[PDB]
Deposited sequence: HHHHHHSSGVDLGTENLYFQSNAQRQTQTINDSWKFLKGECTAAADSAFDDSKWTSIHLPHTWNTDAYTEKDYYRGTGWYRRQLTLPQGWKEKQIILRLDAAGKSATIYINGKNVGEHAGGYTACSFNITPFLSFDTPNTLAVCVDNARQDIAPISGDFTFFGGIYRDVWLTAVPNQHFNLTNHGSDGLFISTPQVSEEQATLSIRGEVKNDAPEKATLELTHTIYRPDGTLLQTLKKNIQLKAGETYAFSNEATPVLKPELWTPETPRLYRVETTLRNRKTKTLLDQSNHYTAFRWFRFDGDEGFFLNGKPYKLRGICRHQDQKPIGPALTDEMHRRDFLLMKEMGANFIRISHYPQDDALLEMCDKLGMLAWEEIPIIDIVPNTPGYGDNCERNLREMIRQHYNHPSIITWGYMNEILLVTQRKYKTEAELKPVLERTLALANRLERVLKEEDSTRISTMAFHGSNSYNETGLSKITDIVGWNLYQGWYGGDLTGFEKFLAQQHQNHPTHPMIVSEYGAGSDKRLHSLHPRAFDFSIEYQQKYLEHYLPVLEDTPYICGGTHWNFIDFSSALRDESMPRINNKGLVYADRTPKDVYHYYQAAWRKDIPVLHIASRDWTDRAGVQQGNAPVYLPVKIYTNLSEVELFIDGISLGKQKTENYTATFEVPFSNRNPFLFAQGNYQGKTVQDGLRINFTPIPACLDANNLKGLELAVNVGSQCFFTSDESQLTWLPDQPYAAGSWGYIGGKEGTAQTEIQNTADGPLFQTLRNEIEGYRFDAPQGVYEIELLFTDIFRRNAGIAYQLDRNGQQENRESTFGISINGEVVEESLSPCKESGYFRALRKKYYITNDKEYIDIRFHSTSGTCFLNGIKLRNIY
């Protein structure tokens, strides 16, 4: 019979190229001991220039004696970007593509007397394998399961494009009945002919036998037999939806006809559903209007990269499912079998695509490798009823339009692009007539003008109005114009999202301040448009997670921070906005302050400091308390309510409650609050560390020091603040700080900074980063005394590099008046911190 098990354990690894590394007798004792899954690119979570090249893997294979007469199939579920397999020094085969499986019959190369050597040469530098461009890290290594499967000489074909070799589909489905087709290949690897019986057993969702199909077959030695068996039509089929994920098990078994002894067996699920996409009325599932409530999911986790164990894939799935998602865009590459298994069985519709992104290059062999990857994806995941649509391109004009401006320059590239797109559409439809084709576009009409949008069955728009420029209302406007101009192209919003950073909060959130609050504003605008617009089939939020993209700077360098959950899968508060909107079956009541647990604010006297506390909920009304005091009830709108909360005590307890479907519902949490005096005097300076995020309207709380840097404020008599200047912002990474966003904002052309404070000795810390890559040079004086004659941050440290300078100052006045004196370029300040010492 069949035996399948992993060989993930007991590997040796070497980064780089290496002489004789495939040889059996090679000494690899000084190599690194590792366990799969593995990537050699955990460096990508700190370094922009992560290693792209070769890595070698070696494992001993000592085979059971029980396998001596069996075929042994090696399966690598994934290796990025390409792999070459050696057994005992001999090249067995290779695979191009980092997200699809490969498999090899390795029986001829193996010994059963001596130990065998499996060596794999993996390469992630190859420019002829998709992706060659895209907003994520191209991790190198063997980062999914590796298997050995031992089968008898007559067995199902396990070397058809790394798949199971069986293909099951439902040519007709309706409420009244459905048909079922069961297809595949049997291989006879014996030296003699064979007479076999093939059986398909089909089971109802409750597990009872529905039907048995039997068929005798005869195979010559070495023959591959292709079968295609139709079942008795299924009457009143139990239909599959994400809410009701009814699956019919199909067990396919192979027996020696005479002896009836079992040879090979393969289980799959099938399911009964039909669907369609309408340009006017949206998506339909089993005849009923159905809104696609979707998310996109990248497959990495800081700092292990894509080297996730399968319980981590299931963890991700369960978080998405508990959020109320009914649709996933598995992007930009096909993903672990463990994920798709959950989509089938727990219920989530799915879109899966291969990573042809940004530009079709004139790279020899690239097209041929994409075609193969498309066949591999479709054949490997053919039997997942959750999957309703295949894609192969994402924003394929984005870099093209950046690199080539003139119609002359564009012509060859657009020809090449349109040709590859039409070629893959044909391949797609050859491989699978039972699913819909899709393509994702960036927000430009060039996808219509070039003809790209005529090619697939449906289209996806990746839309970011209100994030990458424009207005939030430009979203529904863009879609309305698409629908007017191309009403027969059904639309999914295949990406939308906004970046956020737990460290940043704003009372006046703006795009690219990276505040938690602005992402909320953005998503609170987008989700109702998706829900309420009939010609929007649905949307897939970009992204479920904060994910690895080594080329990114912005507030969290190396990370795309548009997640609904943090990289460690802790949900952001806004996860519960979705959960409130998408789950009616349970009460949802979430105080949205888990992202904002370390609060501070300027206080007048001993009066409370008011800060907003948001609530996400599907209750119609909620009451918030702080340290036992009611702040009143509020009616919820768009699944949310915000309270203006009086902060005073240092460790307040927030508590909310209301009623849902007849039951009382509650939430609560403690947070931290630190008041900062508006008016400094000798008493309130003790223990005070007055820190200011100059040039910003955000609170910045360091996740390294836990200190909150307040939003900038203009000087007023009796108080403290800036004099003159204008806000400036950069998104380039700042060297030599963990507190990037503090230095990425500044007050430019600043004239002064003033604190009204008592006489004494003070520690003043000035923060600089020059972000304007003649060169800015300026003096600094404090209360009439020169503290810097001629400071040039860029001459001293270079651009985009933090300088933190502390000064001890003796104040013999009733104020500390810091003045900037420009001699070249402009004066700027990125942060300031004051403490009284004496």
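Coordinate coverage of the deposited sequence is interrupted at 1-23, 797-813, where no C-alpha atom was modelled.
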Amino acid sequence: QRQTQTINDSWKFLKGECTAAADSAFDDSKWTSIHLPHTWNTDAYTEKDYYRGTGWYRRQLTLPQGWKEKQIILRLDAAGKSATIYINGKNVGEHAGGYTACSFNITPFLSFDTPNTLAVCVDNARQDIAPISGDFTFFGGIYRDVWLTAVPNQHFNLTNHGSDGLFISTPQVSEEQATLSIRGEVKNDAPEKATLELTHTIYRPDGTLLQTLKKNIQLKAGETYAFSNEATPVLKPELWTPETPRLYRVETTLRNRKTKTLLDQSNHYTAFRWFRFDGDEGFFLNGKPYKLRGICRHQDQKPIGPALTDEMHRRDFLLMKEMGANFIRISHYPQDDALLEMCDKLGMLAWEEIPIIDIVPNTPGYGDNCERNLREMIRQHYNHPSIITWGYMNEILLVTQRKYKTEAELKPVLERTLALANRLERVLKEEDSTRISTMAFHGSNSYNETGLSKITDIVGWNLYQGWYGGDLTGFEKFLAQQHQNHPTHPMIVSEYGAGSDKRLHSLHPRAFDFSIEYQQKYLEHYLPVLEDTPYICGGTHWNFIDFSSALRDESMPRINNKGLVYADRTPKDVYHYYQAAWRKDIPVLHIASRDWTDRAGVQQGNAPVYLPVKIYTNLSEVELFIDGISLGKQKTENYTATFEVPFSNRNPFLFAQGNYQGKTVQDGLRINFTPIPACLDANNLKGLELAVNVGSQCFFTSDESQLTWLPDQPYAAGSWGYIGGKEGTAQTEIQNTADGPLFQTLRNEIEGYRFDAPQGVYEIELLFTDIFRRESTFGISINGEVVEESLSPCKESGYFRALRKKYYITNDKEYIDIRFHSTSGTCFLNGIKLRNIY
From here on, numbers count along this sequence of modelled residues.
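The PDB entry reports B-factors from which the mean C-alpha value can be compared for 734-742 and 717-725; the larger average falls on 717-725. As listed in the deposited structure, the average C-alpha B-factor of 366-374 and of 108-116 is greater for 108-116. As recorded in the entry, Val786 carries the highest CA temperature factor of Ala44, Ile34, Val786, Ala802. Across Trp709, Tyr333, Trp467, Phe647, the entry's maximum B-factor at the CA atom is seen for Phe647.
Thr54 sits in the middle third of its chain by CA B factor, as recorded in the PDB entry. Ranked against the other modelled residues of its chain, the C-alpha B-factor of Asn836 as given in the entry falls in the lowest third.
Ranked within its chain, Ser10 lands in the middle third, by CA B factor from the PDB record. Annotation for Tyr616: C-alpha temperature factor in the lowest third relative to the rest of the modelled chain, per the entry.
In the PDB entry, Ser705 places in the middle third of its chain by CA B-factor.
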